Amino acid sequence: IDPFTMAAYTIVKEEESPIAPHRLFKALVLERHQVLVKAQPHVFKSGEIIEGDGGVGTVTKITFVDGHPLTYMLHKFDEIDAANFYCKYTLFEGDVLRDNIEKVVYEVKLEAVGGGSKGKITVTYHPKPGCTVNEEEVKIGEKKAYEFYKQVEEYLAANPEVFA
């Protein structure tokens, strides 16, 4: 990428759901660390806030089960506007970043539409300088994120009290 110092690569996705936005904002953003463990206990050992109160500045730690190739991830809540279902958060540490990635930055913005939602999600990979993004790992991340979203949607539809 010379003469550049660094690069950033972005995926933009738009989605629609029958789940109301405040419920998705909790399940998929603010309490994702908890919900991953509930949804996929054979993959995730634990998910915990290790700094902060659940608003801006929070750091979470998600730990995979010992048998899984991956070990842990740290995310930081960089910006939250909960009234308007906006969050920016960053995956800044963990062996899911492999050798090549410095951080992944996520932006989520939801809106209410009838009894459901629409959302825009923006995922930006920041390779370390001199390193290249691995397309395989990006596509796995995307597929797993989508699968998890669908699991959450199904559970929330079936259990209206959750995150109500």
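The first residue of the sequence shown is number 1, and the count goes up from there.
Just going by the entry, 35-43 versus 124-132 on mean CA temperature factor gives the higher value to 124-132. Per the PDB entry, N100 shows the highest C-alpha temperature factor of the residues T63, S117, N100, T60. Sorting the modelled residues of the chain by their CA temperature factor places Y9 in the lowest third.
Among the modelled residues of the chain, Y155 sits in the highest third by CA temperature factor in this PDB entry. Among all modelled residues in this chain, the alpha-carbon of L30 has a temperature factor (C-alpha) in the lowest third.
Per the deposited record, the Cα B-factor of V108 falls in the lowest third when ranked against the other modelled residues of its chain. Among the modelled residues of its chain, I50 has a C-alpha B-factor that falls in the highest third according to the deposited record.
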